[PDB]
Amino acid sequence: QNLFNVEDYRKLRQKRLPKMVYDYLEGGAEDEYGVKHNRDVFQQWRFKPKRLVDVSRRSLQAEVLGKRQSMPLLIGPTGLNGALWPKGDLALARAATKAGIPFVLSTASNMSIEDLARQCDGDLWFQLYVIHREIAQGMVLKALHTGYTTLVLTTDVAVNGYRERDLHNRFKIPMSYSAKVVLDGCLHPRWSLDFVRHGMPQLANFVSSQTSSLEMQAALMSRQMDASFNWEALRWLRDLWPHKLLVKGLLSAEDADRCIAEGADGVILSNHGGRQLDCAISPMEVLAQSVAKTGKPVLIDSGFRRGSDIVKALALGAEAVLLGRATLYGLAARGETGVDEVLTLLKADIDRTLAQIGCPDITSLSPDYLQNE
């Protein structure tokens, strides 16, 4: 284990995964100015430590939507985790659970709402795309009836982002074979062996006797995307769903406030990890405004790789941070154990950062610890 940070796991993923799958994981939209901006924006703050503060007893635990967890991270929703590691959705969820944090299941998961709730008893969240009311109500109810605590509505994939790595690779659900496909698979024998042994992953929440192939399932899922979803549909969802409701994919304090007005319990500021709109702002640019404007839980993702990144968001008011690629690196490098190791480092990293800035209780973070640069 010569692995000391998230980036060491990224490097390991790139060796195990075929170029085509790594490009699906790593790529962003168009020129990828956005993913770069998602990282660079964190250099806009530096730390002003408070010295001679007793930090001998540190606590990372905190309340997210009124419920205590061991640190303010979550494993956020990502589709097709089964391309990365067998039963990857369950790997992630078990690691989140051992680490004391929630896991968010994707509409596009390779393991169904119900199979995951049957095999793991952590705090499971479900994320729903913007889709047409009928089959949406079908998923929401399966999540209700199996004990999912909070529902996430992702609003930033009405239409698909223009990801040119996937276009250059021809990475699309009807795959077939190719000079490049076979070659890519052959130079990555560990993954290909895993792939033959276990088979093509399925869009498990679209499976049935009648839609029994991936090509069939994806076609159904894209037919269900609803680019007309508006504030009215959100009220419909608020009324259908009795527990915690969050709106994901927002990039303004104004939309954040409107979501709360229509009944949301909180929001997730996000640009989908730079995968949807290359020239979108980072959510860090509207965090403090959205926190000040709403007074309700503001969570955030997009670009987080280091404990200092996370700490900066928490000091500006964020209730918690969702990990996408960071823990996905652990998954495809080393499976469920990889995810455990990444969360173990990030916890140690957050904990070390709190020590060095003189703030022993994570809930007492504030901009006072930041220099604006």
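Note that residue numbering begins at 1 and tracks the sequence as displayed.
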query	finding
Selected stretch [higher average CA B-factor]: 39 to 47 or 61 to 69	61 to 69
171 to 179 or 263 to 271, whichever carries the higher mean Cα B-factor	171 to 179
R258, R94, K248, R163, ranked by C-alpha B-factor: the highest one	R258
Out of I135, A280, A108, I75, residue topping the C-alpha B-factor column of the entry	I135
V55, C-alpha B-factor rank within chain (lowest, middle or highest third)	highest
CA B-factor placement of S213, once the chain's modelled residues are sorted into thirds	highest
CA B-factor placement of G147, once the chain's modelled residues are sorted into thirds	middle
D89, C-alpha B-factor rank within chain (lowest, middle or highest third)	lowest
Relative C-alpha B-factor of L3, binned into the chain's lowest, middle or highest third	highest
